[PDB]
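Residue numbers (PDB author numbering), protein chains in the order written: chain A, 995 to 1118; chain B, 1 to 80; chain C, 630 to 677; chain D, 3 to 359; chain E, 8 to 63; chain F, 436 to 580; chain G, 809 to 932.
The beta-carbon is built from N, C-alpha and C at its ideal position, and this holds for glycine as well.
See below for the structure under consideration.
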Amino acid sequence: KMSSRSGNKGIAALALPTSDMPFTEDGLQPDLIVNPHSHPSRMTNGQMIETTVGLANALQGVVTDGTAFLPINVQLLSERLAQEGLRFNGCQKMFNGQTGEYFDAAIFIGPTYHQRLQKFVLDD
Amino acid sequence: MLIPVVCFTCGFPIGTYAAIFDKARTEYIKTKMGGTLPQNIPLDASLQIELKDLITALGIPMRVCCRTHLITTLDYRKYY
Amino acid sequence: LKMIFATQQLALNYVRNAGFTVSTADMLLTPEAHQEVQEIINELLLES
Amino acid sequence: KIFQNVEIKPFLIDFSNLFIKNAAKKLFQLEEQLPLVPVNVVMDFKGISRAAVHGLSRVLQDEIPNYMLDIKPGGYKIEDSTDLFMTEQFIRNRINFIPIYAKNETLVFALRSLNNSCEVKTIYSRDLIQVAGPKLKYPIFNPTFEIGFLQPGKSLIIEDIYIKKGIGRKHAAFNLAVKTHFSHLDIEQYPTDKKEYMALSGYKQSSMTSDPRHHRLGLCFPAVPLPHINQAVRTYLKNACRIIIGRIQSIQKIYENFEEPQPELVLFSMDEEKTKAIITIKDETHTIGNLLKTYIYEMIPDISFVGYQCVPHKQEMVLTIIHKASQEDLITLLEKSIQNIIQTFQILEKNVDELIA
Amino acid sequence: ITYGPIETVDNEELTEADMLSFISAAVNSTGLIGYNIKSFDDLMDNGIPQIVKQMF
Amino acid sequence: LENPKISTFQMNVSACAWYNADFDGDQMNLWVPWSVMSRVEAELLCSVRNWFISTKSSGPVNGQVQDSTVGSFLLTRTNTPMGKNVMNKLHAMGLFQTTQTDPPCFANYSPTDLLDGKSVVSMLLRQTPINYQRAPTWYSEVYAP
Amino acid sequence: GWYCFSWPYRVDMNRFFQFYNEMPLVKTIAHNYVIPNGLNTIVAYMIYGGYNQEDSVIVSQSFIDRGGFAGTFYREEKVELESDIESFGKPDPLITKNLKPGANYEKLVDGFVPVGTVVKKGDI
Ligand SMILES: [Mg+2]
Ligand SMILES: [Zn+2]
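Now the structure itself:
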């Protein structure tokens, strides 16, 4: 079981080799693939803002503060991405690792801090 | 307990520059602050210094994963 | 049950060429559309 | 000439940056480049399917035989490994992932470290000593890696550090190349900075109808000797081509014995006119399945069905063909397709010889 | 004590990130675990002797 | 599952409605009948096809969830941002290379022929032909203005 | 995470030490007072074959091999003795009754298994 800092927890179900994972035009590939259907009902919007902000942090070379109740502006954070050479939405062109074919849609990919929960399958 | 030998995500060998990067980052942040006590320097203020061009000078590419793992990894020798 | 499985593989194999994502920019109102929400909210606080 | 215009660019340290220069000089007495550097290779292919280019990329990533450093059992000397934080699991994981460029498996190394000081001492890869095999004229790994750190008065002794062989598909310490670029040059693109097109890939054709045949592929190799970049890159490319040819020939040797009953090939006569073939190869991947399907489809444009499957929990590749011919004619077409694959990759290897000087 | 007139204080450049230093000061004085050791020090300094002598 | 590194009970996501389960850490029990009498009645009486219709409500229990709901919409959608929602013969054949049914016949199709998504779905629903006519969830009076 | 900095001096039950930890790219004020335990994983928010449905994730096998969320797990034991009745030592089957069936006594030296040997199910 893993989890992000917004309380979005899940079970590792599949592990793929390197040649089987999706990759972007610049070769970026994920460590984790989480389902977009985990978002709309749980409304964990701070996890998506963290991916937006941290994506520009990594290219800038900095660690910033995202404490609760500080002033935020998702419009101005999304313009920071464009200033760094990325798209406004933080989405990229991706390819299927198994066939080599590109999706007809840009994929939202970026860094999100995750945790391993101490619930081990070998013990249960 | 150290910066990993390779990037966790792609496998680029970021660990051949880890020692140089750590020392050079220390020197660079000290230059940017200008000789202040380690406790009188806030943790937040030193993390806002841009290390883009230092990492570029090490020869490490512009990959999101490699710079993330080179910049954020905690060092056990500085906590124990 | 055999049809649920078969139509589920058709749908999944279609999306492995089409893609489906969600981003932070999907939940963001346009600057002029933000002012329209504020006007609707002020009308409620005026009637209140 | 299937692939032209290669570009090779090593990743080098910029010593004009003062902070990097000072840190390097005072840590390793390093004023020049390191013995081994990463190399970025960008290749353009023309007149070829993306099944072939992507199969080449997949093999070069994690299906090519590669080498790593491992520890033989009992090599971690518990008796005189007084340090308690530098456990065997941690140090072994550190050592497995050092990139090496080794030319024989007879070499053996050792680590014999003592902390006879009052501070924490750092172990670097320059502290590995060769204890067996012929003496190295050139290094096989860089001397700048951090392997561990010892508390005051502690030691770490590891014997029997040998060179192991494998493929990155089984353990990722045998991975070779990292992806840096992939694109098709015969499909036009939108400007996707405009907020009108930023939800789309950028290509002007759907991937459900486009058939590109002009590609650009970029891969980075992690540790290559500085005076032999072209030779190392050439060797890697040739080995990838040879690996693919070998696996296709393994399938070929199954196809030809369609008279003798085989557990890997099944032929049905579904009707008076239609024949069905099912090929099940254990431990095969999407590389061969995709290549076989693409070339069978190019040979028989009017086929009833061709498709393959690699279910993750089955560890096998199953290829299904349904065609309106007799069994002998179907086998003839299949052999023709496999020959086309072999010919394409032989041309690729000959072009590699011509291009990289 | 008399405090200076409130109409001459410069706070227009106080930001919400400036206000987190108050939280920093509060935690630094208090400590994350402050009361648990103060209470035991009082028990070892003023509670046990008084409870042994003047109660039984 | 012959991979020795797997310790989980695995199932299809559309079977979770029978047990009211999901994949955030739930545990389920499993026992295998060894007796002949217990094995006969497991297969004839207690198979999960007998619980496809609810006893409580008398309606169906299983169906698509979340990826096949939105992936069936994307497949049968008439227009895509790229134009018409069509694929060529190779990609239409590829949609069926996993369904574990008998493949359809594409022999009356050329490599450059285009097939709509509704054409591909019909190749699957021909085996069990039914009649259906309603309006989708997609069409809403709320969104219409 | 690093559950304590004196783990090698302790004999604990069901404790996990995770080797590698990171500071979040978007940190908060709480990371001025506790050690962060987690990693800055790259996450793609997408549909990939239906294996991340209903709170599941797809993991990179390479990420696992490289030590992402890897660590060491500990279990302790405590067996006591009676005054002059019981003692520690390798049992002799001929003069000792009720030896546990199928149990491997060949690992014992001087009553305890030596440090560094792998114990299996059924071993003494
Ligand atoms: Mg649950
Ligand atoms: Zn990387």
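Taking a C-beta distance under 7 Å as the contact criterion, residue 869 of chain G and residue 1006 of chain A do not qualify as a contact pair. Straight across, the Cα-Cα distance linking residue 514 of chain F with residue 6 of chain D is about 39 Å.
One Cα belongs to residue 13 of chain B, the other to residue 68 of chain D, and the distance between them is close to 16 Å. Contact of residue 841 of chain G with chain E by beta-carbon distance below 8 Å involves 34, 39. Inclusion of residue 27 of chain B and residue 1056 of chain A in the CB contact set at 7 Å is not warranted, their separation being larger than that value.
Within the DSSP bridge table, the entry for residue 495 of chain F names F:488 as partners. Residue range 52-57 is occupied by the alpha helix (DSSP H) that includes residue 52 of chain B.
In the DSSP assignment, residue 199 of chain D falls outside any alpha helix (DSSP H) and carries neither an H nor an E. Along the stretch 9-62 of chain D, the alpha helix (DSSP H) occurs as fully enclosed runs of 4 or more residues at 20-30, listed in sequence order. In the three-state reduction of the DSSP assignment, residue 213 of chain D falls in the coil class. For residue 651 of chain C, the closest C-alpha among the options A:1086, A:1110, A:1111, A:1116 is that of A:1086. Taking 7 Å as the upper bound on Cβ-Cβ separation, chain F lies near residues 855, 858, 861, 862, 863, 864 of the stretch 854-875 of chain G. Not one heavy atom of ligand 2 sits closer than 6 Å to the Cβ of residue 25 of chain B. By DSSP's assignment, residue 1003 of chain A forms a beta bridge with A:997. Considering only beta carbons, the part of the stretch 1085-1107 of chain A lying closer than 8 Å to chain F consists of 1098, in chain order. Listed along chain C, the residues sitting closer than 8 Å to residue 210 of chain D by beta-carbon distance are 646, 647. Taking a 10 Å sphere around the C-beta of residue 295 of chain D, we find 16 or more other C-beta atoms and assign the residue as buried.
Remark: the C-beta of residue 223 of chain D is outside contact range of ligand 2, defined as less than 6 Å to any heavy atom. Taking 7 Å as the cut-off between beta carbons, the residues of the stretch 442-464 of chain F near chain A are 442, 443, 458, 459, 460, 462, in sequence order. Taking C-beta separations shorter than 6 Å and ignoring five residues to either side along the sequence, residue 836 of chain G has no partners in its chain. Think of a sphere of 9 Å around the beta carbon of residue 11 of chain B: the chain G residues whose beta carbon falls inside it are 870, 874, in chain order. Near ligand 2, meaning a beta-carbon closer than 5 Å to one of its heavy atoms, we find B:7, B:9, B:10, B:12, B:63, B:65, B:66. C-alpha of residue 80 of chain B to C-alpha of residue 87 of chain D: approximately 11 Å in a straight line. In the structure shown, the three-state DSSP call for residue 141 of chain D is coil.
Collapsing the DSSP output to three states places residue 219 of chain D in a strand. Near ligand 1, meaning a beta-carbon closer than 5 Å to one of its heavy atoms, we find F:457, F:459, F:461.
Comparing alpha carbon positions, the residue from D:225, D:109, D:42 closest to residue 5 of chain B is D:225. Residue 304 of chain D and residue 560 of chain F have their C-alpha atoms some 24 Å from each other.
Sequence-distant partners of residue 168 of chain D (beyond 5 residues in either direction) whose C-beta falls short of 6 Å from its own C-beta, in its chain, are 176.
DSSP places residue 1110 of chain A within a strand segment (E or B) once states are collapsed to three. Contact fails between the stretch 638-650 of chain C and the stretch 28-36 of chain B, because fewer than three Cβ pairs, one in each stretch, are under 8 Å apart.
When the five nearest sequence neighbours on each side are left out, the beta carbons in the same chain lying within less than 6 Å of the beta carbon of residue 108 of chain D are those of 135, in order along the chain.
Assigned with DSSP and collapsed to three states, residue 204 of chain D falls in coil, not helix or strand.
Burial state of residue 300 of chain D is exposed, judged by a 10 Å Cβ sphere holding fewer than 16 other Cβ atoms. At a beta-carbon threshold of 7 Å, the residues of chain B lying near residue 15 of chain D are 58, 59, ordered along the chain.
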